[PDB]
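Each remark here refers to the structure printed beneath this line.
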Amino acid sequence: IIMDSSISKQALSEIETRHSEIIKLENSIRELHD
Amino acid sequence: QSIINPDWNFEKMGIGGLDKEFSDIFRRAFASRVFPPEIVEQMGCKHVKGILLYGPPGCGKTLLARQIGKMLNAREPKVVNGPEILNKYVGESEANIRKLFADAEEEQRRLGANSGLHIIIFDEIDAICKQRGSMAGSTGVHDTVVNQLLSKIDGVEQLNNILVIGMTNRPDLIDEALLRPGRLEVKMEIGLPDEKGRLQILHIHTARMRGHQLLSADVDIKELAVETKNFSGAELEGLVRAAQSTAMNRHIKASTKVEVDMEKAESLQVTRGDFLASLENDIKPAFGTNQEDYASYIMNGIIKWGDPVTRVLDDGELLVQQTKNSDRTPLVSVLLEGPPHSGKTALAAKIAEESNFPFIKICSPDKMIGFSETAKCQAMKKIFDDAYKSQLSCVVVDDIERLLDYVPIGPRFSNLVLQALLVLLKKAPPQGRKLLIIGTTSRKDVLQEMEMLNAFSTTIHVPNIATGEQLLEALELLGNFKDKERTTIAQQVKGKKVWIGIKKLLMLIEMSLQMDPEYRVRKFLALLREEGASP
Amino acid sequence: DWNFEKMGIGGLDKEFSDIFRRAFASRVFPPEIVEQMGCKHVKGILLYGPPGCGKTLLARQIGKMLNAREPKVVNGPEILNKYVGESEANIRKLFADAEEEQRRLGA
Amino acid sequence: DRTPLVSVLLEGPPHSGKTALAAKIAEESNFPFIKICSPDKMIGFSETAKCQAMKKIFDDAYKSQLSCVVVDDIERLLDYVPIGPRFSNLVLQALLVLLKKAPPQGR
Ligand SMILES: Nc1ncnc2c1ncn2[C@@H]1O[C@H](COP(=O)(O)OP(=O)(O)OP(=O)(O)O)[C@@H](O)[C@H]1O
Ligand SMILES: Nc1ncnc2c1ncn2[C@@H]1O[C@H](COP(=O)(O)OP(=O)(O)OP(=O)(O)O)[C@@H](O)[C@H]1O
Ligand SMILES: Nc1ncnc2c1ncn2[C@@H]1O[C@H](COP(=O)(O)OP(=O)(O)O)[C@@H](O)[C@H]1O
Ligand SMILES: [Mg+2]
Ligand SMILES: [Mg+2]
Ligand SMILES: [Mg+2]
Ligand SMILES: [Mg+2]
């Protein structure tokens with residue numbers, strides 16, 4: 001009636017440019033370079 | 001041209017005694033895909049897009065992978081190792097798995113009902129596709145991968161230019177969904193080579209040495225092929241390499257500093273003795289045989305101490321000849337009876353050996369020390385089950401009374417074993433097969449009581465020495481006492497009664513041969529007279 | 001330079017001679033005959049027995065015998081990591097230089 | 001070599017000095033491997049445990065060149081009591097099969 005269990009975790013490929021810096025790319029492309 | 005190339009080959013490639021399997025798979029698959037499309041449309045049927053290969057280790061699956069990779073005129077095969085698609089970052093495993101099928105889907109879109117076929121070989125497929133039951137582990141990468149692959153192979157969209165060949169070493173650890181019809185069908189088993197594939201393999205792996213004249217005329221390939229039985233290709237290659245290694249080292253000398261005998265090893269040939277030594281002490285088959293049993297049950301050979309010994313062997317030969325050439329009686333049984341210490345097991349083993357039945361086994365209690373009755377029943381059932389897979393067989397069950405755990409206080413024994421043995425003596429094998437059962441026991445009356453003696457078909461006695469002349473003849477044929485000693489021994493035994501078994505005679509001679517020469521005969525006579533007992 | 005006396009493993013003679021025969025024999029003979037015979041080399045050895053008859057001394061001394069790169073040691077279960085699909089990478093990271101040299105030089 | 005297995009039995013009245021004459025015979029032989037299987041090391045064991053212990057002790061003797069084994073106080077290994085009578089059957093069967101099992105070749 002007992003079974004101890006182990007776990008395995010995974011990391012996340014955190015991306016600086018997947019949101020809020022695509023808007024910053026636009027602010028760098030459409031605004032700064034314009 | 002559709003797919004195949006003019007040079008079928010199949011002998012230079014390296015693949016050996018796999019002809020029926022390849023022909024059958026070429027029949028089932030690669031047939032509808034090679035034919036005028038109009039006829040196929042006239043019947044209106046689709047192709048098969050899944051093959052699974054499995055077998056015991058070392059049969060040639062991986063070699064088939066590469067050879068198929070070469071034995072086609074398609075675009076190119078994509079071979080991916082099993083447990084290499086799992087990745088740490090979230091979502092990358094599914095990206096890797098879906099990245100494989102892009103080309104096939106794109107081409108089918110461009111040319112529907114046309115184009116070639118793309119073949120993907122999933123080596124070690126059992127690594128990633130496990131049962132989706134629990135897995136008792138956080139995250140569902142293992143479940144997600146199998147679900148994604150299952151959706152891709154079969155789904156709302158229809159793909160007809162892809163074939164997957166999944167090779168596994170043990171089918172037990174495979175998800176149920178894939179083996180169901182519509183996902184992976186036409187599953188084949190690759191077994192061991194029987195007789196001709198073995199010779200073909202040994203020729204393929206030895207062609208080179210004979211090409212350069214490196215094999216001495218003494219060696220015979222057919223002799224080695226016949227001698228080696230229950231071998232797998234890997235075992236044959238290992239044996240060849242072991243013989244090569246025995247010679248290579250034979251031509252070298254190194255005790256203090258490694259030194260080669262150049263100009264002494266310039267000429268090098270491999271002799272039959274090297275092969276025999278390698279086969280005897282280097283390579284041993286994994287399936288296993290019964291050499292130890294056969295050499296251990298008949299320990300001191302079989303001698304001829306009188307008329308009775310020949311009659312039993314003659315009757316056994318008659319029974320064997322009967323089981324060979326009859327169709328009304330597919331099952332025959334025989335019982336060997338006699339007083340203790342008379343050599344019944346050895347005679348049964350000799351009778352079994354005399355016949356050349358392909359399958360022979362001896363089920364003795366020595367292997368079941370400390371087993372409860374359930375385990376005994378399971379083991380006996382497994383032995384008989386395996387014996388039920390050949391055109392001829394012979395199973396020897398010796399020392400019956402020790403199987404039932406019989407003790408004369410009460411008395412007491414086991415019932416499950418008795419019932420199982422009473423039922424297995426009357427079940428006929430599947431149609432068109434034969435079987436011969438031999439039993440060994442020492443207490444006939446007890447068996448007669450339990451109503452088992454009427455299940456057997458016949459009984460043969462096994463008597464022991466019962467006359468002075470027979471004892472003298474046996475002593476002469478053993479060759480221990482000679483000249484005056486035999487004279488006095490014959491004088492003492494005045495043609496009187498001698499109720500002694502052969503094994504006890506051996507033991508008495510050995511015990512008597514331990515003192516000084518003057519007293520040996522006296523001790524032997526004293527022991528024979530004291531233990532001599534009466535009938 | 002190498003002598004069986006210097007390694008001080010007295011007691012085992014048949015075992016060492018057999019191991020030298022079966023494995024380190026195809027890499028001593030001249031290099032042309034072996035080619036003709038068309039034989040690959042054996043890759044693998046397994047040692048087992050009671051606790052302390054000299055199994056780690058044999059490994060160490062065989063490692064120090066050869067005139068090649070130094071051995072790569074894996075102390076027990078030292079290839080297990082938490083992140084999914086990292087033990088496989090760890091094991092796969094061992095047969096790395098061998099593949100490179102095999103693909104570069106050849107024989 | 002005709003008889004690679006020999007067994008003997010010492011019998012007599014109780015309190016007579018039998019367990020101290022098997023030990024001397026075993027000692028004076030100077031055999032390489034000697035082991036004594038007495039029932040005071042198996043207090044409270046069930047039948048299966050006794051069978052396993054005896055089997056292990058006998059297996060330890062098949063991996064030597066020649067050896068002697070002592071089974072003292074048989075009447076107590078397979079429990080016995082005059083009332084009834086009662087006893088264990090598994091132990092008796094194990095002993096009766098182990099007393100006629102020749103060892104591997106040449107030992
Ligand atoms: N029919 C055969 N023809 C030629 N060689 C064979 C044959 N069967 C076996 N062999 C030899 O034995 C080996 C067969 O095993 P192979 O290399 O194919 O791996 P495998 O059997 O797939 O291994 P695993 O069982 O672990 O998946 C090869 O080295 C090959 O040379
Ligand atoms: N003609 C012979 N027939 C049988 N055995 C012989 C003969 N000549 C010599 N022997 C020796 O006698 C032995 C016969 O005794 P064996 O070891 O087979 O026991 P057994 O008769 O089955 O014993 P038990 O019935 O007490 O279990 C043979 O193994 C062989 O060593
Ligand atoms: N054959 C041998 N010759 C010399 N020393 C030995 C031998 N076998 C073991 N030893 C000694 O045992 C120790 C190392 O044993 P070890 O390699 O740890 O055995 P294991 O790894 O099997 O436990 C050292 O002190 C070594 O000298
Ligand atoms: Mg493989
Ligand atoms: Mg018998
Ligand atoms: Mg160690
Ligand atoms: Mg006592």
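Chain identifiers are assigned as A, B, and so on, following the order in which chains appear in the structure tokens; residues are numbered from 1 within each chain, and ligands are numbered from 1 in order of appearance.
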
Exercise. Could you please tell me, as an NGL selection string, which residues of chain B have an atom within 8 Å of chain D when using only C-alpha atoms?
Key: :B and (300 or 365-366 or 369-370 or 402 or 405 or 506-507 or 510)

Within 8 Å of chain B, which residues of chain C are there when counting only C-alpha atoms? Please give them as a JSON list (two decimals) with N, CA and C atoms, in the first residue's frame.
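The resulting out23.json:
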```
[["chain", "number", "residue", "atom", "x", "y", "z"],
["C", 1, "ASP", "N", 58.56, -0.06, -23.11],
["C", 1, "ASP", "CA", 59.01, -0.68, -21.84],
["C", 1, "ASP", "C", 57.80, -1.27, -21.11],
["C", 2, "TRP", "N", 57.86, -2.54, -20.69],
["C", 2, "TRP", "CA", 56.75, -3.25, -20.01],
["C", 2, "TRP", "C", 57.16, -4.69, -19.72],
["C", 3, "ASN", "N", 57.11, -5.12, -18.47],
["C", 3, "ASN", "CA", 57.44, -6.47, -18.05],
["C", 3, "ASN", "C", 56.40, -6.95, -17.05],
["C", 4, "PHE", "N", 55.98, -8.21, -17.19],
["C", 4, "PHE", "CA", 54.94, -8.75, -16.33],
["C", 4, "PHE", "C", 55.34, -8.76, -14.86],
["C", 21, "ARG", "N", 45.99, -13.44, -25.21],
["C", 21, "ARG", "CA", 45.81, -14.19, -26.45],
["C", 21, "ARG", "C", 44.56, -13.74, -27.19],
["C", 22, "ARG", "N", 43.44, -13.63, -26.49],
["C", 22, "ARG", "CA", 42.16, -13.43, -27.17],
["C", 22, "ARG", "C", 41.97, -12.00, -27.66],
["C", 25, "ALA", "N", 46.24, -9.73, -29.47],
["C", 25, "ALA", "CA", 47.02, -10.57, -30.36],
["C", 25, "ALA", "C", 46.88, -10.09, -31.79],
["C", 26, "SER", "N", 45.70, -9.58, -32.16],
["C", 26, "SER", "CA", 45.46, -9.10, -33.51],
["C", 26, "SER", "C", 46.04, -7.71, -33.74],
["C", 28, "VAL", "N", 49.34, -6.97, -32.84],
["C", 28, "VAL", "CA", 50.78, -7.16, -32.69],
["C", 28, "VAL", "C", 51.42, -7.65, -33.99],
["C", 29, "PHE", "N", 50.80, -8.64, -34.62],
["C", 29, "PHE", "CA", 51.23, -9.27, -35.86],
["C", 29, "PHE", "C", 51.43, -8.22, -36.95],
["C", 36, "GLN", "N", 44.34, -9.27, -44.85],
["C", 36, "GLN", "CA", 43.92, -10.36, -45.76],
["C", 36, "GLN", "C", 42.92, -11.24, -45.03],
["C", 37, "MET", "N", 43.21, -11.65, -43.79],
["C", 37, "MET", "CA", 42.36, -12.61, -43.06],
["C", 37, "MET", "C", 40.95, -12.03, -42.96],
["C", 38, "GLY", "N", 40.82, -10.71, -43.08],
["C", 38, "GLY", "CA", 39.50, -10.07, -43.06],
["C", 38, "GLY", "C", 38.83, -10.32, -41.73],
["C", 39, "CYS", "N", 39.48, -9.94, -40.64],
["C", 39, "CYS", "CA", 38.94, -10.13, -39.27],
["C", 39, "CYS", "C", 38.85, -8.80, -38.55],
["C", 83, "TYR", "N", 17.71, 16.52, -15.52],
["C", 83, "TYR", "CA", 17.02, 17.00, -16.72],
["C", 83, "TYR", "C", 16.75, 15.86, -17.68],
["C", 84, "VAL", "N", 15.53, 15.85, -18.24],
["C", 84, "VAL", "CA", 15.13, 14.79, -19.15],
["C", 84, "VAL", "C", 16.07, 14.75, -20.34],
["C", 85, "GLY", "N", 16.45, 13.54, -20.74],
["C", 85, "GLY", "CA", 17.32, 13.37, -21.90],
["C", 85, "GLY", "C", 18.69, 13.98, -21.73],
["C", 86, "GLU", "N", 19.30, 13.82, -20.56],
["C", 86, "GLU", "CA", 20.67, 14.25, -20.32],
["C", 86, "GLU", "C", 21.61, 13.11, -19.97],
["C", 88, "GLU", "N", 21.43, 10.22, -21.46],
["C", 88, "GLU", "CA", 21.76, 9.73, -22.79],
["C", 88, "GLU", "C", 22.86, 10.57, -23.43]]
```

Residues contacting ligand 3 - anything with an atom at most 10 Å away, using only C-alpha atoms and all ligand atoms - can you give me those as a ChimeraX atom specification? /C:7-13,47-60

Test item: residues no farther than 8 Å from ligand 4, counting only C-alpha atoms and all ligand atoms, as a compact mmCIF listing (two decimals) with N, CA, C and O atoms, in the first residue's frame:
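As written to disk, out.txt reads:
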```txt
# COMPACT_ATOMS: atom_id res chain seq x y z
N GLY B 60 20.60 -10.77 -37.31
CA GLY B 60 20.95 -10.03 -38.52
C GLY B 60 20.02 -8.88 -38.85
O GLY B 60 19.97 -8.43 -40.00
N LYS B 61 19.27 -8.40 -37.85
CA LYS B 61 18.32 -7.32 -38.10
C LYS B 61 19.03 -6.04 -38.52
O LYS B 61 18.68 -5.42 -39.54
N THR B 62 20.03 -5.62 -37.76
CA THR B 62 20.72 -4.37 -38.06
C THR B 62 21.40 -4.43 -39.42
O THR B 62 21.42 -3.45 -40.17
N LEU B 63 21.98 -5.59 -39.76
CA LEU B 63 22.57 -5.75 -41.09
C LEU B 63 21.51 -5.59 -42.17
O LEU B 63 21.75 -4.96 -43.21
N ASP B 123 15.29 2.14 -35.36
CA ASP B 123 16.05 1.17 -34.58
C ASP B 123 15.75 1.35 -33.10
O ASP B 123 15.56 2.48 -32.64
N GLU B 124 15.68 0.24 -32.37
CA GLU B 124 15.37 0.27 -30.94
C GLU B 124 14.07 1.03 -30.68
O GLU B 124 14.00 1.93 -29.83
```

* **Surrounding residues as a PyMOL selection string, ligand 5, max 7 Å, only C-alpha atoms and all ligand atoms** => chain B and resi 343-345+398-399+440-441

Selection file, C-alpha atoms, as a tab-separated table (two decimals), in the first residue's frame:
```tsv
chain	number	residue	atom	x	y	z
B	343	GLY	CA	21.18	-49.19	-13.22
B	344	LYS	CA	17.77	-48.15	-14.55
B	345	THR	CA	18.45	-44.47	-15.26
B	398	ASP	CA	13.15	-40.72	-14.04
B	399	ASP	CA	12.61	-41.42	-10.33
B	440	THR	CA	11.91	-45.00	-14.08
B	441	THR	CA	10.75	-46.22	-10.68
```

Contacts between ligand 1 and chain C, please, where a residue of chain C counts if it comes within 12 Å (with only C-alpha atoms and all ligand atoms); show its shortest atom pair and distance in Å to one decimal, rows by chain and ascending number, as JSON lines.
```
{"residue": "C:39", "atom": "CA", "partner": "ligand 1", "partner_atom_place_in_ligand_line": "31 (O)", "distance": 11.1}
{"residue": "C:40", "atom": "CA", "partner": "ligand 1", "partner_atom_place_in_ligand_line": "29 (O)", "distance": 10.0}
{"residue": "C:41", "atom": "CA", "partner": "ligand 1", "partner_atom_place_in_ligand_line": "29 (O)", "distance": 11.8}
{"residue": "C:42", "atom": "CA", "partner": "ligand 1", "partner_atom_place_in_ligand_line": "29 (O)", "distance": 11.4}
```

Quick one: write out the picked residues with N, CA, C and O atoms as a PDB file, in the first residue's frame?
```
ATOM      1  N   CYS C  39      39.478  -9.938 -40.636  1.00  0.00           N
ATOM      2  CA  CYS C  39      38.943 -10.128 -39.268  1.00  0.00           C
ATOM      3  C   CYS C  39      38.853  -8.795 -38.548  1.00  0.00           C
ATOM      4  O   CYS C  39      39.825  -8.040 -38.589  1.00  0.00           O
ATOM      5  N   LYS C  40      37.720  -8.522 -37.924  1.00  0.00           N
ATOM      6  CA  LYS C  40      37.569  -7.310 -37.102  1.00  0.00           C
ATOM      7  C   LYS C  40      38.217  -7.642 -35.769  1.00  0.00           C
ATOM      8  O   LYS C  40      38.602  -8.803 -35.607  1.00  0.00           O
ATOM      9  N   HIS C  41      38.345  -6.683 -34.873  1.00  0.00           N
ATOM     10  CA  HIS C  41      38.915  -6.855 -33.546  1.00  0.00           C
ATOM     11  C   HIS C  41      37.805  -6.973 -32.509  1.00  0.00           C
ATOM     12  O   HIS C  41      36.703  -6.449 -32.690  1.00  0.00           O
ATOM     13  N   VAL C  42      38.107  -7.667 -31.416  1.00  0.00           N
ATOM     14  CA  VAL C  42      37.148  -7.847 -30.333  1.00  0.00           C
ATOM     15  C   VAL C  42      37.165  -6.608 -29.450  1.00  0.00           C
ATOM     16  O   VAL C  42      38.234  -6.104 -29.086  1.00  0.00           O
TER      17      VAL C  42
END
```

(request) May I have the residues within 9 Å of residue 193 in chain B as an MDAnalysis selection string, using only C-alpha atoms and disregarding those fewer than 3 positions away in the same chain? (result) chainID B and resid 16:18 59 196:198 201 230:233

Have a look at CA of residue 337 in chain B and CA of residue 418 in chain B and let me know their distance in Å, one decimal.
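Separation between CA of residue 337 in chain B and CA of residue 418 in chain B: 18.5 Å.
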
(request) Go through the chains and note each residue within 7 Å of ligand 2, using only C-alpha atoms and all ligand atoms, then give the set as a list in words. (result)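 If we count only C-alpha atoms and all ligand atoms, the neighbours of ligand 2 turn out to be residues 297, 298, 299, 300, 301, 302, 303, 304, 305, 309, 340, 341, 342, 343, 344, 345, 346, 347, 399, 442, 502 and 503 of chain B.
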
Written selection (C-alpha atoms) as a PDB file, in the first residue's frame:
```pdb
ATOM      1  CA  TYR B 297      24.129 -40.076 -16.357  1.00  0.00           C
ATOM      2  CA  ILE B 298      26.258 -42.774 -18.034  1.00  0.00           C
ATOM      3  CA  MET B 299      29.398 -42.298 -15.946  1.00  0.00           C
ATOM      4  CA  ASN B 300      31.224 -45.642 -16.269  1.00  0.00           C
ATOM      5  CA  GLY B 301      29.895 -46.811 -19.630  1.00  0.00           C
ATOM      6  CA  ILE B 302      27.769 -49.898 -20.210  1.00  0.00           C
ATOM      7  CA  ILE B 303      29.170 -53.431 -20.002  1.00  0.00           C
ATOM      8  CA  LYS B 304      27.743 -56.861 -20.861  1.00  0.00           C
ATOM      9  CA  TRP B 305      27.487 -58.999 -17.718  1.00  0.00           C
ATOM     10  CA  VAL B 309      21.265 -56.606 -20.357  1.00  0.00           C
ATOM     11  CA  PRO B 340      17.233 -50.369  -6.032  1.00  0.00           C
ATOM     12  CA  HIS B 341      20.812 -50.079  -7.282  1.00  0.00           C
ATOM     13  CA  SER B 342      20.353 -51.852 -10.614  1.00  0.00           C
ATOM     14  CA  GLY B 343      21.175 -49.189 -13.218  1.00  0.00           C
ATOM     15  CA  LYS B 344      17.774 -48.148 -14.553  1.00  0.00           C
ATOM     16  CA  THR B 345      18.452 -44.469 -15.259  1.00  0.00           C
ATOM     17  CA  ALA B 346      21.593 -45.313 -17.238  1.00  0.00           C
ATOM     18  CA  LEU B 347      19.757 -47.898 -19.340  1.00  0.00           C
ATOM     19  CA  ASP B 399      12.615 -41.424 -10.329  1.00  0.00           C
ATOM     20  CA  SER B 442      11.857 -48.509  -7.860  1.00  0.00           C
ATOM     21  CA  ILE B 502      25.947 -53.412 -10.074  1.00  0.00           C
ATOM     22  CA  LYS B 503      26.417 -50.067  -8.293  1.00  0.00           C
TER      23      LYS B 503
END
```

Practice problem: Residues of chain A no more than 7 Å from chain B, counting only C-alpha atoms: send them over as a PyMOL selection string. | Solution: chain A and resi 7-8+10-13

May I have the residues within 12 Å of ligand 7, computed using only C-alpha atoms and all ligand atoms, as a compact mmCIF listing (two decimals) with N, CA, C and O atoms, in the first residue's frame?
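Ended up saving to result_18.txt:
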```
# COMPACT_ATOMS: atom_id res chain seq x y z
N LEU D 10 27.40 -41.95 11.52
CA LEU D 10 27.78 -42.33 12.87
C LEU D 10 26.53 -42.48 13.72
O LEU D 10 25.71 -41.56 13.79
N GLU D 11 26.38 -43.64 14.37
CA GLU D 11 25.19 -43.94 15.15
C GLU D 11 25.57 -44.49 16.52
O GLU D 11 26.61 -45.14 16.68
N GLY D 12 24.71 -44.23 17.50
CA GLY D 12 24.91 -44.72 18.84
C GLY D 12 23.91 -44.16 19.82
O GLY D 12 23.03 -43.37 19.46
N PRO D 13 24.01 -44.56 21.09
CA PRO D 13 23.10 -44.04 22.11
C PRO D 13 23.34 -42.57 22.37
O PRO D 13 24.43 -42.05 22.07
N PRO D 14 22.36 -41.86 22.92
CA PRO D 14 22.54 -40.43 23.18
C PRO D 14 23.54 -40.18 24.30
O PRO D 14 23.79 -41.03 25.15
N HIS D 15 24.12 -38.97 24.27
CA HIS D 15 25.12 -38.57 25.25
C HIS D 15 26.32 -39.52 25.22
O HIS D 15 26.76 -40.03 26.25
N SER D 16 26.85 -39.74 24.02
CA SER D 16 27.93 -40.69 23.83
C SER D 16 29.17 -40.10 23.16
O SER D 16 30.20 -40.78 23.12
N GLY D 17 29.09 -38.88 22.64
CA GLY D 17 30.26 -38.25 22.06
C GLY D 17 30.41 -38.50 20.57
O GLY D 17 31.47 -38.95 20.12
N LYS D 18 29.37 -38.22 19.80
CA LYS D 18 29.41 -38.36 18.35
C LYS D 18 29.73 -37.06 17.63
O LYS D 18 30.46 -37.08 16.63
N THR D 19 29.21 -35.93 18.11
CA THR D 19 29.49 -34.64 17.50
C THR D 19 30.92 -34.18 17.73
O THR D 19 31.36 -33.22 17.09
N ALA D 20 31.66 -34.84 18.62
CA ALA D 20 33.06 -34.52 18.87
C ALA D 20 34.01 -35.53 18.26
O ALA D 20 35.22 -35.43 18.48
N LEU D 21 33.50 -36.50 17.50
CA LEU D 21 34.34 -37.39 16.71
C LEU D 21 34.21 -37.16 15.21
O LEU D 21 35.10 -37.57 14.46
N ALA D 22 33.12 -36.53 14.76
CA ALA D 22 33.05 -36.08 13.38
C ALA D 22 33.94 -34.87 13.16
O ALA D 22 34.59 -34.75 12.11
N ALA D 23 34.00 -33.97 14.14
CA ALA D 23 34.85 -32.79 14.01
C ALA D 23 36.31 -33.18 13.90
O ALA D 23 37.05 -32.61 13.09
N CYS D 37 27.48 -27.78 9.22
CA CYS D 37 26.10 -27.31 9.10
C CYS D 37 25.32 -27.85 10.30
O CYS D 37 24.76 -28.95 10.26
N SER D 38 25.27 -27.05 11.37
CA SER D 38 24.58 -27.42 12.59
C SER D 38 23.25 -26.69 12.70
O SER D 38 23.08 -25.61 12.13
N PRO D 39 22.29 -27.24 13.44
CA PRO D 39 20.95 -26.63 13.52
C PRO D 39 20.78 -25.57 14.60
O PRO D 39 19.65 -25.11 14.79
N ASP D 40 21.84 -25.18 15.30
CA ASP D 40 21.73 -24.11 16.29
C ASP D 40 21.89 -22.72 15.68
O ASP D 40 21.75 -21.73 16.39
N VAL D 70 29.81 -31.67 7.10
CA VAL D 70 29.28 -32.38 8.26
C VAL D 70 27.84 -31.95 8.48
O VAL D 70 27.54 -30.75 8.56
N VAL D 71 26.95 -32.93 8.57
CA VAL D 71 25.54 -32.72 8.90
C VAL D 71 25.30 -33.42 10.23
O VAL D 71 25.08 -34.64 10.27
N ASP D 72 25.33 -32.67 11.31
CA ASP D 72 25.22 -33.23 12.65
C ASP D 72 23.80 -33.07 13.17
O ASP D 72 23.13 -32.06 12.91
N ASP D 73 23.33 -34.08 13.91
CA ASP D 73 22.00 -34.07 14.50
C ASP D 73 20.93 -33.99 13.41
O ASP D 73 20.14 -33.05 13.35
N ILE D 74 20.91 -35.01 12.55
CA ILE D 74 19.90 -35.08 11.50
C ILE D 74 18.51 -35.03 12.11
O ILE D 74 17.65 -34.25 11.68
N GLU D 75 18.28 -35.84 13.14
CA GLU D 75 16.94 -35.97 13.72
C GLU D 75 16.35 -34.62 14.12
O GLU D 75 15.13 -34.54 14.34
N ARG D 76 17.17 -33.57 14.21
CA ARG D 76 16.68 -32.25 14.57
C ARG D 76 16.58 -31.31 13.38
O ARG D 76 15.85 -30.32 13.46
N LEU D 77 17.31 -31.58 12.29
CA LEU D 77 17.15 -30.78 11.08
C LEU D 77 15.74 -30.94 10.52
O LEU D 77 15.04 -29.95 10.28
```

In terms of only C-alpha atoms and all ligand atoms, the residue from C:76, C:32, C:27, C:69 at minimal distance from ligand 6 is C:76

Leaving out residue 204 in chain B and any residue of its chain fewer than 5 positions from it, which residues lie within 9 Å of it when counting only C-alpha atoms, given as a PyMOL selection string?
chain B and resi 11-12+14-16+199

Checklist entry - What residues in chain D get the DSSP label alpha helix (DSSP H)? Please answer as a PyMOL selection string. => result chain D and resi 19-28+47-59+74-77+89-98

Next on the checklist: as a list in words, please: the residues near residue 94 in chain C (cut-off 12 Å, only C-alpha atoms, same-chain neighbours under 5 positions excluded).
Outcome noted: residues 71, 72, 73, 74, 79, 87, 88, 89, 99 and 100 of chain C

Would you export the selected residues with C-alpha atoms as a compact mmCIF listing (two decimals), in the first residue's frame, please?
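Result went into again_5.txt, see below:
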```
# COMPACT_ATOMS: atom_id res chain seq x y z
CA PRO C 71 41.87 5.80 -19.98
CA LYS C 72 38.43 7.29 -19.36
CA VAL C 73 36.95 6.17 -16.04
CA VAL C 74 33.28 6.15 -15.01
CA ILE C 79 26.07 9.43 -15.64
CA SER C 87 21.95 10.85 -19.16
CA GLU C 88 21.76 9.73 -22.79
CA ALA C 89 23.82 12.75 -23.83
CA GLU C 99 34.63 8.58 -33.78
CA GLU C 100 36.55 11.71 -34.79
```

CA of residue 104 in chain B sits from CA of residue 8 in chain B at a separation of 26.7 Å

Measure the distance from CA of residue 508 in chain B to CA of residue 469 in chain B in Å and round it to one decimal.
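Here the two named atoms are 17.9 Å from each other.
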
One residue among C:67, C:90, C:17, C:75 is nearest to ligand 6 when using only C-alpha atoms and all ligand atoms, and that residue is C:75

What's around residue 415 in chain B at 9 Å? Count only C-alpha atoms, leave out sequence neighbours fewer than 4 positions away in its own chain, and write the answer as a tab-separated table (two decimals) with N, CA, C and O atoms, in the first residue's frame.
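For reference, part.tsv as written:
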```
chain	number	residue	atom	x	y	z
B	373	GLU	N	5.15	-27.66	-4.82
B	373	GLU	CA	4.53	-28.50	-5.85
B	373	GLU	C	4.05	-27.69	-7.04
B	373	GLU	O	4.07	-28.18	-8.18
B	404	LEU	N	6.69	-37.14	-6.54
B	404	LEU	CA	5.48	-37.02	-5.73
B	404	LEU	C	5.76	-36.81	-4.25
B	404	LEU	O	4.82	-36.59	-3.48
B	419	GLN	N	-1.86	-35.74	-10.21
B	419	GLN	CA	-2.93	-35.52	-11.18
B	419	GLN	C	-2.38	-34.99	-12.50
B	419	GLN	O	-2.80	-35.42	-13.58
B	420	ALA	N	-1.43	-34.04	-12.44
B	420	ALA	CA	-0.85	-33.52	-13.67
B	420	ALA	C	-0.15	-34.61	-14.45
B	420	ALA	O	-0.30	-34.70	-15.68
```
